[PDB]
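Reminder, nothing fancy here: chain letters follow the sequence lines and each chain counts from 1.
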Amino acid sequence: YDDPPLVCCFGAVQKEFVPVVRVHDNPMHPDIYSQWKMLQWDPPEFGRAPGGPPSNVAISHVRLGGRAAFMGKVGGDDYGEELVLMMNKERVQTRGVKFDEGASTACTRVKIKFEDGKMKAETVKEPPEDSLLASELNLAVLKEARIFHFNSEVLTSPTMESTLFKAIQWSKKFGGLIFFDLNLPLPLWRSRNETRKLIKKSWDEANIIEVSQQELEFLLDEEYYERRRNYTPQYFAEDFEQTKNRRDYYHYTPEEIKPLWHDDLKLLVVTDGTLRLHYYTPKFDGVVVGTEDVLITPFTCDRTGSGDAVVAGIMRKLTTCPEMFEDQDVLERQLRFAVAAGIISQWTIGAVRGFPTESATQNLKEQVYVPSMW
Amino acid sequence: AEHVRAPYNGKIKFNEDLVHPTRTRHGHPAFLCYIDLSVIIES
Amino acid sequence: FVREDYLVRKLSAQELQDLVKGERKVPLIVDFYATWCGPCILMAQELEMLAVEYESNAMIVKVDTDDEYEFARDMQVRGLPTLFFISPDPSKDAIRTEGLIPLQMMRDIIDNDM
Amino acid sequence: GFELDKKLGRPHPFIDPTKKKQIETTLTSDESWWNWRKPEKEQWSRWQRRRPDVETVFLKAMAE
Amino acid sequence: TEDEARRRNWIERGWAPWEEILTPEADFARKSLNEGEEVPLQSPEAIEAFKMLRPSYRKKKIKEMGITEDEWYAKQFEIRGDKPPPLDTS
């Protein structure tokens with residue numbers, strides 16, 4: 001088996017398509033998209049470091065010096081061929097991609113209904129990205145891959161749910177690690193309990209989990225942490241640093257994380273964009289302090305694909321540094337690499353277009369941090 | 001005003017009782033020298 | 001005297017409901033977008049070009065998910081950008097496309113599916 | 001070894017390792033003025049990385 | 001004059017000579033800038049302030065007085081100036 005160790009990204013291959021969508025209270029002009037860049041340097045909190053499809057993570061991982069394979073299905077039309085060509089030019093392994101000649105890539109058949117006086121839609125025919133069967137899996141890829149990566153978008157499709165669980169069994173049989181990068185799509189933000197029930201099985205099937213701060217707080221309690229953020233003492237601060245009215249970087253205790261912990265979880269990472277990387281392991285926990293600067297390039301900055309770069313950097317360091325799971329100092333040092341990768345990825349328009357290379361990421365990491373933190 | 005610079009890496013060795021404490025125009029403690037002081041650098 | 005710079009009109013959930021309920025002669029293309037979404041700028045320009053292409057042979061509308069979040073969730077929108085191609089024939093079924101699909105893809109869908 | 005490589009111009013240390021001494025023990029920041037104390041935390045500098053050049057690459061190649 | 005101005009400050013503006021507990025650096029800055037810009041320090045208070053800039057000298061002096069460092073730190077927070085007459089609560 002060649003080096004570096006292979007990773008597998010399972011799910012849909014799409015161009016852009018950030019899944020995490022919520023309501024923002026600061027909209028720009030509905031027509032003048034030249035104003036919408038001001039929401040890139042003053043983003044909604046859930047969109048600070050947005051993730052995307054697993055193909056973004058695969059491309060970013062390959063650009064950071066790793067070897068990746070994509071497992072999914074595309075149609076036999078022009079769009080599927082173009083997506084496969086884009087993944088191939090990025091040196092992502094395509095042997096796990098299954099073609100469907102009778103399906104239209106990234107197209108879903110829906111029926112519009114008017115239940116209870118409101119327009120609604122229901123899926124008639126699923127797209128080929130959500131129509132991968134367990135018999136179409138690539139067993140060589142699942143055998144070679146050391147990390148298995150997927151998003152919660154597949155949980156919105158029953159076919160992909162069954163295929164994902166079969167693939168997880170296959171990967172665990174061969175010794176691979178399961179990376180659950182949540183990336184909650186629009187439907188999965190409706191209420192906490194239904195999402196917890198929907199993601200419980202995949203959550204317990206994962207060794208590595210990455211969630212955003214908003215995702216974790218939604219999964220535990222949104223109102224409690226919103227109230228805790230808004231609290232201000234009436235008379236005097238409890239310490240001087242609380243007098244500065246600095247941005248809140250609250251580090252969740254493992255006791256608060258206890259509902260979401262299970263036995264096979266080796267590492268949980270909570271990302272507040274690139275600013276904070278809260279990590280939790282069975283033995284220890286902590287936070288990696290990062291930064292961001294999209295105002296350095298106000299006319300080319302774009303946060304799309306930043307979380308993909310962070311996750312790809314995490315996987316790149318995990319595949320080559322097994323001591324990350326057991327050493328806290330090594331874990332922080334290697335997570336600074338993912339912080340730098342996420343920082344660079346915010347400087348370009350387009351997720352795939354702006355994915356950094358390993359050389360640039362290491363250069364930025366050494367420039368930003370003091371030499372003792374390398 | 002010329003600046004004397006250390007010509008080697010080493011340990012500065014001199015007696016502080018032959019110099020008078022002062023305060024520079026930059027606010028730093030210093031020693032005023034009025035004699036032919038000899039300073040040893042243990043390179 | 002001065003032409004408007006944008007041809008794609010922004011509609012509410014109720015207005016889109018009335019448009020879909022009413023009789024339609026040309027295909028209707030519904031865009032779901034948010035101003036905080038980076039990919040939506042490119043989709044906005046692409047749909048402006050498409051609207052210029054189809055002068056009166058198609059209808060291009062956009063719905064902001066920051067004003068119609070529940071409506072977007074009801075219509076099975078899982079992310080942005082998301083397009084809905086609604087055929088003038090009520091018997092047929094609409095097509096939902098996810099991602100920054102090419103302009104030629106939209107042309108093909110409109111020509112051979114609506 | 002030394003005293004012959006130095007005479008011949010062959011690669012040798014500038015200072016003989018045998019004829020080399022440490023610099024003893026210096027001030028431990030408890031017997032030093034405030035302006036001569038090593039800062040508690042390392043400070044970001046923008047000059048913390050050595051500048052790349054042709055000479056470093058070529059010297060590394062000829063050392064290889 | 002500078003006897004009624006101080007009284008007016010106390011009465012109308014709440015002035016009071018509260019003790020300023022200074023670091024050795026601030027104490028040296030106050031005691032040494034009273035002499036000149038760049039001059040050989042001659043006042044004994046300035047010489048002592050210069051010597052106290054090194055905590056090692058302070059520790060040696062504290063050991064010379066045969067007292068511990070904790071209450072020497074607590075010795076700084078002593079009220080200066082005159083004391084008020086004791087109260088006779090009858």
Side-chain angles (χ1 to χ4, degrees), chain A residues 226-250, chain B residues 20-32, chain D residues 29-30 32-37 39-41 43, chain E:
Chain A
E226 220 275 2
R227 279 185 267 115
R228 190 209 33 87
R229 264 196 310 279
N230 292 339
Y231 170 86
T232 302
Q234 206 173 345
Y235 304 105
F236 46 87
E238 280 305 308
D239 47 358
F240 176 82
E241 310 298 317
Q242 198 201 318
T243 69
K244 295 278 163 113
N245 304 297
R246 288 171 178 150
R247 192 195 187 263
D248 218 6
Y249 301 112
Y250 171 65
Chain B
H20 302 318
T22 178
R23 177 185 181 97
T24 78
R25 53 192 276 137
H26 299 167
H28 294 142
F31 288 123
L32 258 164
Chain D
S29 168
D30 223 30
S32 178
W33 299 329
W34 60 273
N35 51 313
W36 288 128
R37 283 176 192 148
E40 311 85 349
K41 293 208 263 62
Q43 306 293 306
Chain E
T1 37
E2 196 81 20
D3 55 349
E4 47 88 17
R6 147 160 43 79
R7 163 165 198 95
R8 179 137 65 270
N9 265 351
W10 173 288
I11 294 186
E12 283 199 284
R13 307 201 74 111
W15 170 86
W18 309 101
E19 305 93 41
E20 312 164 303
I21 289 97
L22 312 164
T23 53
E25 284 80 27
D27 189 61
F28 172 65
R30 269 164 87 131
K31 282 166 178 181
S32 79
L33 275 174
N34 275 328
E35 301 201 19
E37 172 144 273
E38 271 170 310
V39 293
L41 301 182
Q42 323 274 30
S43 89
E45 53 172 43
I47 274 75
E48 188 65 27
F50 194 96
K51 293 280 172 63
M52 295 289 280
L53 294 172
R54 300 177 181 153
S56 68
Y57 172 83
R58 146 156 54 76
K59 284 162 196 183
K60 289 291 113 170
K61 169 193 174 182
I62 262 61
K63 205 72 73 202
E64 259 169 344
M65 329 216 273
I67 67 182
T68 205
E69 301 89 358
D70 299 14
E71 38 84 19
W72 191 90
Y73 286 142
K75 189 259 310 181
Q76 310 151 336
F77 314 94
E78 60 92 10
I79 299 177
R80 306 161 201 159
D82 205 344
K83 304 222 152 203
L87 307 178
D88 44 7
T89 306
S90 312

**OP:** Please answer whether the main-chain N or O of E:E38 pairs with a side-chain N or O of B:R25 as donor and acceptor at a distance below 3.5 Å.
**Re:** no
Subject >> E:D70-E:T68 side chain donor-acceptor pair, cut-off 3.5 Å >> reply: no
Subject >> E:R30 atom CZ, neighbour heavy-atom count above 12 within 6.0 Å >> reply: no
Original post:
Just wondering, do E:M52 and E:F28 contact through their side chains at under 4.5 Å, heavy atoms?
Top reply: no
Original post:
CG/E:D27 to CG/E:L53 distance, rounded to the nearest 0.5 angstrom?
Top reply: 9.0 Å
Original post:
More than 12 non-hydrogen atoms from neighbouring residues, nucleotides or ligands closer than 6.0 Å to CD1 on E:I79, yes or no?
Top reply: no
Original post:
Would a distance-only check, ignoring hydrogens and angles, find a side-chain to backbone donor-acceptor pair under 3.5 Å from E:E12 to E:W10?
Top reply: no
Original post:
With side chains defined as the heavy atoms from C-beta onward, is the minimum distance between E:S56 and E:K59 less than 4.5 Å?
Top reply: no
Original post:
Take atom CD in D:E40; do more than 12 heavy atoms of anything else shown fall under 6.0 Å from it?
Top reply: no
Original post:
Is E:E4 salt-bridged to E:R8, cutoff N-O under 4.0 Å?
Top reply: yes
Subject >> B:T22 side chain vs E:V39 backbone, donor-acceptor pair below 3.5 Å >> reply: yes
Original post:
Would a 4.5 Å heavy-atom cut-off, applied to side chains only, mark B:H20 and E:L41 as touching?
Top reply: no
Subject >> CZ/E:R13: more than 12 non-hydrogen atoms of other groups inside 6.0 Å >> reply: no
Original post:
Between A:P233 and A:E238, is any pair of side-chain heavy atoms under 4.5 Å apart?
Top reply: no
Subject >> E:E48 side chain reached by E:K61 side chain, heavy atoms, under 4.5 Å >> reply: yes
Original post:
Is the centre of the E:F50 ring less than 6.0 Å from the centre of the E:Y57 ring?
Top reply: no
**OP:** Side-chain contact test, heavy atoms from C-beta onward, threshold under 4.5 Å: evaluate it for A:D248 versus A:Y231 and give yes or no.
**Re:** no
Subject >> Pairwise side-chain contact, E:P24 with D:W33, heavy-atom cut-off 4.5 Å (strictly under) >> reply: no
Original post:
Hey, are the side chains of D:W36 and B:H28 touching, using non-hydrogen atoms and a 4.5 Å cut-off?
Top reply: no
Original post:
Does any N or O in the side chain of E:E69 come within less than 3.5 Å of the main-chain N or O of E:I62, such that one atom is a donor and the other an acceptor?
Top reply: no
Original post:
Has E:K75 got more than 12 heavy atoms of other residues, nucleotides or ligands less than 6.0 Å from its NZ?
Top reply: yes
